[PDB]
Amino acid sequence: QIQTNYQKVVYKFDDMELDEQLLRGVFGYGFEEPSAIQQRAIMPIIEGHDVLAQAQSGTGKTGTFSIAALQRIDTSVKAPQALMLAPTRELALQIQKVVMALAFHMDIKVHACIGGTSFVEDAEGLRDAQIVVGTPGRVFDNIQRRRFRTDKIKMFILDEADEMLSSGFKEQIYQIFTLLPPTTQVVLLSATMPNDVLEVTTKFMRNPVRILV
């Protein structure tokens, strides 16, 4: 069914060497055993590889990168380390809901960079929030406004990449790449793999792990 260039599969969260607090979040949220994409996509992300994974919206996909990002987060460092992008505010808010639930036993702040936030709450949340989830436009407007510190960023997650691009966010996304440290891990999830998505993959990914179909 699935196709990957990564040859290690993990069928139980207990074998992923997750952080104790994180593991409690995973079971506490209702996760029992990893889904098919999770058994294949979680460890490569946790490990630093750029990742291209074809997956439809849902508890499996979102869990994949939310679980993986929380594991890479250094709880002490109170600054953005992971940046998640989603097609819309609602999708962004949903990701926040999930990540915060998986992080219920960890000291981690998740700020949503979307529309409706005054310049105040925006700057206060973006400063010490180790995980920032939002939409291309709001996120870029903040950087172009110099209200988003990216020097501590480690990973860049593009959720539902095909929908983001089909919405005319290529420019924001591309410009966002430039404002991130060269060393940042890149993760892209998309239900479909159209030209535009492949383009971004070859453009910003370094011999990435590929989980197709």
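Each residue number is its position in the shown sequence, starting from 1.
As listed in the deposited structure, the average C-alpha B-factor of 110-118 and of 130-138 is greater for 110-118. As recorded in the PDB entry, 70-78 is the stretch of 70-78 and 97-105 with the greater mean C-alpha temperature factor. By the numbers in the PDB entry, the CA B factor is greatest at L180 among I45, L158, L165, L180. Within the listed group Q54, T64, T184, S57, the record reports its top CA B-factor for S57.
Ranked within its chain, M16 lands in the middle third, by CA B factor from the PDB record. Sort the chain's modelled residues by C-alpha temperature factor and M205 lands in the highest third, per the entry. Ranked within its chain, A92 lands in the middle third, by CA B factor from the PDB record. Sorting the modelled residues of the chain by their CA temperature factor places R146 in the highest third.
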